[PDB]
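> Okay, here's the structure, questions in a sec.
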Amino acid sequence: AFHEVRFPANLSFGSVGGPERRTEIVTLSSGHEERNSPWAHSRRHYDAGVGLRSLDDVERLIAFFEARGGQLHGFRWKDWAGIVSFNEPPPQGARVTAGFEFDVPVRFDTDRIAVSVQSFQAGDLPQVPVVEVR
Amino acid sequence: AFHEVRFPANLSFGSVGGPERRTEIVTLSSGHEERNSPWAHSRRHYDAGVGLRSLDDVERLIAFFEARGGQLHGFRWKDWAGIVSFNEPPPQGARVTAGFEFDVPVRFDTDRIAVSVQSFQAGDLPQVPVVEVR
Amino acid sequence: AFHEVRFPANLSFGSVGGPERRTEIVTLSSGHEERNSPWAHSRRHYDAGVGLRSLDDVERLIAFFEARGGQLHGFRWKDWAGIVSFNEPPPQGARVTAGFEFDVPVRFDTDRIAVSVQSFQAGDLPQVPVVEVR
Amino acid sequence: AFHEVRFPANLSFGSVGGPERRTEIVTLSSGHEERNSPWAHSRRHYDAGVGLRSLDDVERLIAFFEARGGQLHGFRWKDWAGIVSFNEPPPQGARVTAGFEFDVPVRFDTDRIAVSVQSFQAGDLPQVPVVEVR
Amino acid sequence: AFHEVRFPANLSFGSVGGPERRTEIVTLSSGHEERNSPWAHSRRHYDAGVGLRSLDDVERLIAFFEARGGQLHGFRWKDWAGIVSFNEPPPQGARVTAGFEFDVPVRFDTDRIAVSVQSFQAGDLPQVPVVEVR
Amino acid sequence: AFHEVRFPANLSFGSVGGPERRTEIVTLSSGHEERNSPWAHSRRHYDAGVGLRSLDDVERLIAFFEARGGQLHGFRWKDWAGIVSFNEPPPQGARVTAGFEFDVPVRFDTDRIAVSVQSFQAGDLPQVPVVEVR
Amino acid sequence: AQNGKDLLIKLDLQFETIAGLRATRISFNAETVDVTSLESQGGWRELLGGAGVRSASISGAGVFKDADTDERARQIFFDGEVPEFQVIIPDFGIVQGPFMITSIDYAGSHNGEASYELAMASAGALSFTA
Amino acid sequence: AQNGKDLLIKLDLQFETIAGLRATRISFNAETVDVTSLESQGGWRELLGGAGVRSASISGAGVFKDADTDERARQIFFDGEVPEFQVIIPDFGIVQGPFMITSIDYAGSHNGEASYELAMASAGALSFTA
Amino acid sequence: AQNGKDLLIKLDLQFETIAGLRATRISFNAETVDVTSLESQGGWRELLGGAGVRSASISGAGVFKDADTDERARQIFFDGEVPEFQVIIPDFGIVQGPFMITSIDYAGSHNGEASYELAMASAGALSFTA
Amino acid sequence: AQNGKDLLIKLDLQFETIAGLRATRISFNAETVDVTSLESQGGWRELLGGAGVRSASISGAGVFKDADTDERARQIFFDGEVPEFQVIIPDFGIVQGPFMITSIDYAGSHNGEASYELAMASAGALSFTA
Amino acid sequence: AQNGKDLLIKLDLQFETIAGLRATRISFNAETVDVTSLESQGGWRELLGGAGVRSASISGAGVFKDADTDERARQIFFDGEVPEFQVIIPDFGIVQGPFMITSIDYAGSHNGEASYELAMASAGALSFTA
Amino acid sequence: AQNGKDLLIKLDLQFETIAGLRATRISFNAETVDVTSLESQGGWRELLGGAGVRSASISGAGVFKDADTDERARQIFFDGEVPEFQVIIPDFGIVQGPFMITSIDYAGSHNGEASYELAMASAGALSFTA
């Protein structure tokens with residue numbers, strides 16, 4: 001786990017991601033249901049990042065996966081979407097922030113990455129999913 | 001179960017959903033077959049909601065899933081489609097409304113949501129399937 | 001089983017359906033075959049109905065599934081394609097009509113329906129398959 | 001098995017079909033392998049017929065499946081592609097014709113058919129696969 | 001196995017095919033690998049032939065599959081791509097030619113073929129894969 | 001393992017490939033989870049090479065797979081993306097280069113190749129996935 | 001010969017023509033349901049005819065003169081309706097169909113008129129009075 | 001040379017030409033079934049010829065003069081038929097084909113005519129009387 | 001008759017027309033939600049009407065004369081807003097709608113003007129003052 | 001300079017030009033098989049050349065004068081063939097290729113000619129007599 | 001009124017206008033990010049505004065007079081750069097944006113000029129000097 | 001100013017211009033590789049520049065005068081090659097690039113010339129002699 005950097009600045013339009021829950025459920029077949037939640041929290045689970053710049057940006061991006069990545073390190077993630085609460089219901093969010101200001105430490109959900117060449121200097125990679133391990 | 005709010009007002013064209021019937025069935029290989037249902041109601045089972053507004057609407061929408069949501073709470077749902085009966089047959093609907101005026105309390109059929117950024121201010125999420133648990 | 005009504009008048013171009021048979025078959029691997037038919041009749045098996053009108057037509061259509069439907073009732077079906085025989089071969093059809101004049105009592109082949117909103121007043125649902133239980 | 005008629009005249013562009021050979025095969029993982037076939041003929045195996053005419057042609061076509069069809073009868077099939085031999089190799093075809101002049105008695109490879117209505121008078125059905133059972 | 005003819009002359013743009021190997025492989029999980037080759041040769045494995053001419057060419061093509069084909073005969077295959085060696089590495093190809101001049105005797109990889117009619121005189125069939133059995 | 005040549009010069013736009021990490025993972029259903037990798041390197045895992053030139057280039061390319069290839073030989077690979085370190089984190093890459101100057105010896109991830117003819121002189125093959133075995 | 005001044009489109013409120021009616025054009029259509037079977041005596045395309053849907057479209061141009069029938073079309077557009085419209089052919093007669101008000105547009109220049117196009121399309125079954 | 005007044009389209013009811021026949025144009029087509037094998041003596045595109053479907057399309061313009069043959073085309077459009085149509089070529093002769101009435105349109109302006117286009121397309125096998 | 005000088009588009013800052021306003025054209029639209037059931041008394045296309053979305057688009061041409069209302073449109077474009085716009089129809093009245101500033105363009109030649117087109121489209125519910 | 005009267009298309013029956021030959025245009029084509037490898041000395045697009053298929057198309061306009069060569073083209077269209085066609089270039093020479101008769105059309109107006117376009121396309125390997 | 005001779009595009013090397021500058025046209029754009037929720041007070045289309053990407057495109061025409069600024073554009077094209085470009089509006093002021101050199105073309109006839117079009121498009125954030 | 005008679009395309013056989021060279025136009029292109037990240041100082045579109053492929057296309061019109069350089073282009077088309085082509089710009093200089101002969105066409109009328117268009121496109125890396 002690191003505190004190394006946010007990310008390369010570029011993120012394409014389509015960087016999707018939202019919180020998860022396990023919340024297993026029985027669906028009582030002759031009436032309503034009853035369902036349990038063991039979390040009290042949520043994995044933010046950001047997906048579908050895309051790097052799109054010159055090939056000068058690519059070699060600092062492929063080794064972003066490699067050098068400080070490996071598999072098992074932080075690389076605090078920037079959200080385009082210390083405790084934050086959500087007060088728009090009379091309920092509350094009250095979800096903690098271990099890192100400062102929406103920085104949500106994560107890890108990539110990939111055994112490999114796949115960078116493509118689109119033109120003499122175009123570097124693309126279609127997806128880098130994350131799940132924000134604590 | 002809550003009585004918190006309807007929803008964000010915006011719903012895209014394509015918000016699908018209609019009643020779901022157990023309809024346990026035998027399918028005799030001879031021919032005609034019998035069947036019965038144990039509900040005497042119908043889960044309305046609304047799907048494919050889409051939030052589309054600015055990013056100011058997104059942070060009150062992502063924590064809508066989180067804060068009063070979790071997984072297991074009401075958030076009464078607005079239908080664009082106290083007891084209502086349906087008299088267009090000589091049979092009857094006679095289906096109850098626990099909440100007032102088509103408000104059908106539900107829950108989202110998702111372990112996670114997936115909000116996307118499509119431009120500097122565009123916030124999109126493709127689907128939030130519900131089933132109106134009693 | 002009912003005798004309630006035909007259907008809403010509207011049916012989109014593409015309402016497909018034709019008769020079935022079980023007619024299990026062995027395909028004798030070193031020559032021709034031999035095959036048995038236990039029916040002497042045919043399930044007409046109409047599919048792919050689409051309701052397309054205003055939202056005023058939708059609430060008399062969603063409860064068509066619900067009120068006189070449930071799961072296990074008739075709602076005599078209108079064919080755009082008392083005993084009728086088919087004499088264009090020297091064989092014969094000789095297929096009975098329990099209901100009058102091509103009215104083929106059926107049931108919907110769905111646990112749920114799925115009505116969509118296409119515009120301020122457009123109501124659509126893509127399919128309602130039937131099999132004409134006796 | 002009948003000798004009733006050829007078919008409705010209409011067949012759309014795309015009526016595919018060609019001989020099917022048992023070709024029991026061993027596929028030795030070393031390399032080359034041997035094989036043999038027990039037919040000494042070839043099931044012609046015609047597929048993808050389409051009826052396209054007015055709705056006056058449809059009721060003589062849906063009961064073509066039903067009346068003389070059922071599942072298990074002949075209805076001699078017309079090929080747009082008494083013993084015929086094939087002499088373009090120094091080998092020979094020498095394949096028999098039980099019926100006269102390319103009439104290849106068959107059966108449909110379907111438990112059901114599916115006729116569609118595409119306009120006030122348009123009748124379509126996408127496929128009627130046969131296999132020319134002897 | 002025959003020596004009958006090459007093929008009909010026509011072959012569409014897209015007649016794909018290249019050599020094979022079994023070369024089973026263990027992928028030693030904590031380092032590099034080690035892998036074995038039992039062939040010393042290669043199956044050329046040509047695919048995706050297409051006949052496209054008039055219907056006069058079709059009846060000499062459908063019985064090409066049938067008459068000298070059956071399943072288990074040669075029909076020497078023409079490559080648009082006596083021992084040939086490949087000297088562009090300091091290694092060597094040294095791959096034999098049992099037939100003369102790139103003629104690669106094969107067999108079709110099909111239990112059936114599927115010839116289509118595209119217009120009054122157009123005859124098409126999408127694929128005839130081969131593997132060049134010795 | 002060879003030191004024979006780089007490759008044919010041509011590579012189409014879309015030659016994808018990036019490091020692949022074992023990343024054995026436990027995924028505790030509680031929440032956060034631990035992980036470790038046994039490599040201390042990363043298989044570069046290049047894919048989707050395409051040869052596109054005249055048919056004069058094809059016969060030196062199909063036997064590139066065959067002659068010095070087989071399955072189990074080097075053919076040092078050119079990257080369009082002696083020890084190289086990556087210093088953009090305070091961590092380090094420090095990944096070795098057994099061959100000089102980004103030459104990454106590999107092997108193709110294919111039992112067969114598939115070269116196509118697209119016109120009188122056009123030679124294409126869609127993919128040659130490698131993994132850079134040490 | 002027939003005068004182009006005679007053929008007139010007209011709205012309901014009872015039917016009155018609109019004010020600026022510089023150029024108008026009813027246009028009918030059918031989508032030609034192709035029924036091309038493999039057999040055809042010379043390989044000719046065969047068509048079905050009556051299976052095709054049939055339509056009508058009215059494109060009226062004119063200069064903006066304020067009339068109650070011109071205000072009516074704005075009210076038909078904002079309160080989106082499909083009322084009865086009627087188009088005379090000089091010596092044939094009227095059409096008297098339900099149409100909608102698909103796209104209208106008002107235009108003006110630094111020197112010219114207040115002009116408008118008015119595009120309509122069929123919304124139901126039409127008629128013919130002979 | 002041949003007069004453009006001579007080539008005439010005509011409806012059945014027995015054949016009579018329509019009234020306003022300002023400009024007419026029979027147009028034949030074939031879709032050119034490309035049969036391009038890999039072999040070809042210079043890499044030239046080879047074509048099959050007779051496999052292609054073949055068509056005909058008639059586009060008649062004119063001014064609306066009321067005639068029974070002009071009323072017939074309206075009746076052919078509403079009661080959607082594919083009757084026999086006949087087009088003379090001056091010194092070739094007639095065509096005498098089954099066509100449909102694909103799209104007609106009546107138009108009029110504030111100052112001009114009641115004019116009409118009449119677009120037809122082939123519906124069957126055609127002929128030629130020489 | 002109505003003068004084309006009378007119909008005026010105007011920005012907010014309180015409403016003032018822009019300087020070069022050589023040709024302007026409000027254009028309304030509806031996408032015609034086709035509801036064609038199998039039954040229809042002659043096979044005619046049936047339409048729903050009020051289900052269709054409805055729009056407005058303003059295309060203003062003119063010569064670049066510097067005004068505060070002309071500078072305002074640049075500020076509306078860079079600071080991307082959807083403010084209220086207002087278009088008079090001579091004897092109908094104003095429209096007073098929220099629009100955006102979809103595409104503007106400034107042009108100049110070696111001999112002519114500094115000219116500009118200004119294309120707008122609807123952004124909300126419109127109005128009508130009568 | 002070369003006279004446009006000199007370049008002549010001509011049918012077989014032995015070769016004779018058609019009667020109305022107001023404007024004719026042989027047009028060759030190649031589809032430009034793009035072979036753009038990643039390497040290229042300035043990022044320029046590289047092309048292969050000889051791999052591309054190559055074609056020819058003849059578009060002949062003219063006025064309908066009845067000739068046996070004009071009747072021949074009708075017979076070539078109905079009995080769909082791909083016979084030899086020949087087009088002179090003034091000082092180059094003939095082409096002498098197999099073409100088909102892709103689309104012809106006869107047209108006439110209320111005041112003008114019986115005119116025709118005749119569109120052809122390549123059907124085989126062409127030639128050049130120099 | 002503003003002279004069209006005043007609005008000038010100019011390259012860097014410090015800024016100088018190009019030689020043949022017969023007609024030039026800066027053109028801005030925005031793609032109009034449609035945010036049409038089901039609710040809308042009359043079924044009107046709602047738009048977001050500031051979410052849309054915004055662009056600029058320069059199309060300069062002119063006659064080829066050799067200048068160092070004209071040679072610069074060739075060097076900008078071959079050595080593909082995105083340098084600063086600057087376009088005056090007469091009484092607004094300059095723009096001073098980074099653009100690229102998307103497509104240029106030189107043309108000449110047997111009797112006319114050596115002429116050229118020069119098409120540019122936005123490459124970064126723009127400015128405005130007022 | 002530069003004469004349009006000065007800019008000349010020319011073939012190899014050593015370089016000579018073609019005979020009918022009525023209008024010629026070298027046209028360069030780049031496909032504008034859009035690199036629009038979410039961050040951008042005003043939401044402006046960002047572009048990369050040098051990553052884009054770059055091209056050239058020559059469209060030469062002229063009247064068919066028989067020359068060896070005109071016969072050469074036919075030989076370049078039938079024996080499909082990509083030889084060196086060279087285009088002078090008056091005071092810039094030559095280009096000297098490898099092109100292909102993408103589409104040529106010969107045309108003639110009943111009264112006019114034997115004319116031809118000659119369309120070329122880039123096939124390799126280009127140059128510039130200054």
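We name chains A, B, ... following the order of the structure tokens; residues begin at 1 in each chain, and ligands are numbered from 1 as shown.
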Give me the chain J side of the contact with chain A, cut-off 10 Å, one line per residue showing its nearest atom pair and distance in Å at one decimal, counting only C-alpha atoms, sorted by chain and residue number, as JSON lines.

```
{"residue": "J:37", "atom": "CA", "partner": "A:120", "partner_atom": "CA", "distance": 9.9}
{"residue": "J:38", "atom": "CA", "partner": "A:120", "partner_atom": "CA", "distance": 6.6}
{"residue": "J:39", "atom": "CA", "partner": "A:120", "partner_atom": "CA", "distance": 7.9}
{"residue": "J:40", "atom": "CA", "partner": "A:120", "partner_atom": "CA", "distance": 8.8}
{"residue": "J:42", "atom": "CA", "partner": "A:120", "partner_atom": "CA", "distance": 9.2}
{"residue": "J:43", "atom": "CA", "partner": "A:120", "partner_atom": "CA", "distance": 6.5}
{"residue": "J:44", "atom": "CA", "partner": "A:120", "partner_atom": "CA", "distance": 9.9}
```
> For N, CA, C and O atoms, I'd like the residues from the last selection saved as a CSV table (one decimal), in the first residue's frame.

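Saved to selection_23.csv:
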```csv
chain,number,residue,atom,x,y,z
J,37,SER,N,1.2,0.5,-42.9
J,37,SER,CA,1.9,0.0,-41.7
J,37,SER,C,2.2,1.0,-40.7
J,37,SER,O,2.1,2.2,-41.0
J,38,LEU,N,2.5,0.6,-39.5
J,38,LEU,CA,2.9,1.6,-38.5
J,38,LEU,C,4.1,2.4,-38.8
J,38,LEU,O,4.2,3.6,-38.6
J,39,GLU,N,5.1,1.8,-39.5
J,39,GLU,CA,6.2,2.5,-39.9
J,39,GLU,C,5.9,3.2,-41.2
J,39,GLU,O,5.3,2.5,-42.1
J,40,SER,N,6.4,4.4,-41.4
J,40,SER,CA,6.2,5.2,-42.6
J,40,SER,C,6.9,6.6,-42.3
J,40,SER,O,6.7,7.2,-41.3
J,42,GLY,N,7.2,9.6,-42.7
J,42,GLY,CA,6.7,10.8,-42.1
J,42,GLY,C,5.3,10.6,-41.5
J,42,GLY,O,4.6,11.5,-41.3
J,43,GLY,N,4.9,9.3,-41.3
J,43,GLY,CA,3.5,9.0,-41.0
J,43,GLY,C,2.7,9.1,-42.2
J,43,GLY,O,1.4,9.2,-42.1
J,44,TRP,N,3.2,9.0,-43.4
J,44,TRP,CA,2.5,9.1,-44.7
J,44,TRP,C,1.7,7.8,-44.9
J,44,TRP,O,2.1,6.7,-44.5
```
> Identify all chain E residues at most 6 Å from chain D by counting only C-alpha atoms; ligands do not count. Present them as a PyMOL selection string.
chain E and resi 67-68+111-118+133-134
> Take the residues from that selection and write them out as a JSON list (two decimals), in the first residue's frame, keeping N, CA, C and O atoms.

```
[["chain", "number", "residue", "atom", "x", "y", "z"],
["E", 67, "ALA", "N", -19.13, -36.36, -55.66],
["E", 67, "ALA", "CA", -18.75, -37.48, -56.53],
["E", 67, "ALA", "C", -17.34, -37.98, -56.24],
["E", 67, "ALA", "O", -17.16, -39.11, -55.78],
["E", 68, "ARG", "N", -16.33, -37.14, -56.49],
["E", 68, "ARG", "CA", -14.97, -37.51, -56.10],
["E", 68, "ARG", "C", -14.69, -37.23, -54.63],
["E", 68, "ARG", "O", -13.70, -37.75, -54.10],
["E", 111, "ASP", "N", -19.43, -31.89, -42.45],
["E", 111, "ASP", "CA", -20.38, -32.97, -42.67],
["E", 111, "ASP", "C", -21.34, -32.61, -43.79],
["E", 111, "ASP", "O", -21.81, -33.51, -44.50],
["E", 112, "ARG", "N", -21.63, -31.32, -43.96],
["E", 112, "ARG", "CA", -22.50, -30.86, -45.03],
["E", 112, "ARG", "C", -21.91, -29.59, -45.62],
["E", 112, "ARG", "O", -21.08, -28.92, -45.00],
["E", 113, "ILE", "N", -22.36, -29.25, -46.82],
["E", 113, "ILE", "CA", -22.08, -27.95, -47.40],
["E", 113, "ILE", "C", -23.39, -27.17, -47.44],
["E", 113, "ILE", "O", -24.46, -27.69, -47.13],
["E", 114, "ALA", "N", -23.30, -25.90, -47.82],
["E", 114, "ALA", "CA", -24.49, -25.06, -47.81],
["E", 114, "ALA", "C", -24.37, -24.05, -48.95],
["E", 114, "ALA", "O", -23.78, -22.98, -48.79],
["E", 115, "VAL", "N", -24.94, -24.40, -50.10],
["E", 115, "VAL", "CA", -24.91, -23.52, -51.25],
["E", 115, "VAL", "C", -26.15, -22.65, -51.20],
["E", 115, "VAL", "O", -27.26, -23.12, -50.92],
["E", 116, "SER", "N", -25.98, -21.36, -51.48],
["E", 116, "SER", "CA", -27.08, -20.42, -51.47],
["E", 116, "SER", "C", -27.33, -19.88, -52.87],
["E", 116, "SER", "O", -26.43, -19.86, -53.71],
["E", 117, "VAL", "N", -28.57, -19.43, -53.09],
["E", 117, "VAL", "CA", -28.96, -18.68, -54.32],
["E", 117, "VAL", "C", -29.05, -17.20, -53.96],
["E", 117, "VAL", "O", -29.82, -16.86, -53.04],
["E", 118, "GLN", "N", -28.30, -16.34, -54.66],
["E", 118, "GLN", "CA", -28.28, -14.89, -54.31],
["E", 118, "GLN", "C", -29.08, -14.09, -55.34],
["E", 118, "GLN", "O", -29.55, -12.99, -54.99],
["E", 133, "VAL", "N", -4.97, -33.67, -44.87],
["E", 133, "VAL", "CA", -4.59, -35.01, -44.45],
["E", 133, "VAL", "C", -3.57, -35.57, -45.43],
["E", 133, "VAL", "O", -3.68, -35.38, -46.65],
["E", 134, "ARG", "N", -2.57, -36.27, -44.90],
["E", 134, "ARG", "CA", -1.50, -36.84, -45.70],
["E", 134, "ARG", "C", -2.03, -37.84, -46.72],
["E", 134, "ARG", "O", -1.26, -38.46, -47.46]]
```
> At a cut-off of 6 Å, list the chain J residues touching chain L, using only C-alpha atoms, as a PyMOL selection string.
chain J and resi 1-5+22-30+41-47+49-50
> Can you pull out every residue from chain J that DSSP, working from the backbone, puts in helix (DSSP H, G or I), and format the result as a short mmCIF file (atom, residue, chain, number, x, y, z; two decimals) with N, CA, C and O atoms, in the first residue's frame?

```cif
data_model
loop_
_atom_site.label_atom_id
_atom_site.label_comp_id
_atom_site.auth_asym_id
_atom_site.auth_seq_id
_atom_site.Cartn_x
_atom_site.Cartn_y
_atom_site.Cartn_z
N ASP J 68 -30.76 0.26 -85.65
CA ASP J 68 -30.59 -1.14 -85.29
C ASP J 68 -29.64 -1.30 -84.11
O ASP J 68 -29.84 -2.18 -83.26
N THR J 69 -28.62 -0.45 -84.03
CA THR J 69 -27.76 -0.41 -82.86
C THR J 69 -28.48 0.13 -81.63
O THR J 69 -28.07 -0.19 -80.51
N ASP J 70 -29.55 0.90 -81.82
CA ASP J 70 -30.30 1.36 -80.66
C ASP J 70 -31.28 0.28 -80.21
O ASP J 70 -31.51 0.11 -79.02
N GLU J 71 -31.84 -0.45 -81.18
CA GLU J 71 -32.66 -1.61 -80.85
C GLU J 71 -31.82 -2.72 -80.23
O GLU J 71 -32.34 -3.51 -79.43
N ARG J 72 -30.54 -2.80 -80.61
CA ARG J 72 -29.66 -3.82 -80.07
C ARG J 72 -29.49 -3.68 -78.57
O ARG J 72 -29.50 -4.68 -77.84
N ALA J 73 -29.37 -2.44 -78.09
CA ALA J 73 -29.17 -2.20 -76.66
C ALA J 73 -30.39 -2.60 -75.84
O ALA J 73 -30.24 -3.05 -74.70
N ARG J 74 -31.58 -2.44 -76.40
CA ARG J 74 -32.78 -2.94 -75.75
C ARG J 74 -32.76 -4.45 -75.68
O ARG J 74 -33.14 -5.05 -74.66
N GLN J 75 -32.34 -5.10 -76.77
CA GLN J 75 -32.23 -6.55 -76.79
C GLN J 75 -31.12 -7.03 -75.86
O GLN J 75 -31.24 -8.10 -75.27
N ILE J 76 -30.05 -6.25 -75.73
CA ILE J 76 -29.01 -6.57 -74.76
C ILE J 76 -29.54 -6.40 -73.34
O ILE J 76 -29.15 -7.15 -72.44
N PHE J 77 -30.48 -5.49 -73.13
CA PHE J 77 -30.96 -5.32 -71.77
C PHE J 77 -31.96 -6.40 -71.40
O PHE J 77 -31.90 -6.95 -70.30
N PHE J 78 -32.92 -6.70 -72.28
CA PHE J 78 -33.94 -7.67 -71.91
C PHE J 78 -33.36 -9.07 -71.89
O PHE J 78 -33.49 -9.79 -70.89
#
```
> What's the separation between atom CA of residue 38 of chain C and atom CA of residue 27 of chain B, in Å to one decimal place?
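We find that atom CA of residue 38 of chain C and atom CA of residue 27 of chain B lie 15.4 Å from each other.
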> Residues of segment 52-104 of chain A in strand (DSSP E) according to DSSP, as a list in words?
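Strand (DSSP E) assignments inside segment 52-104 of chain A correspond to residues 52, 53, 83, 84, 95 and 96 of chain A.
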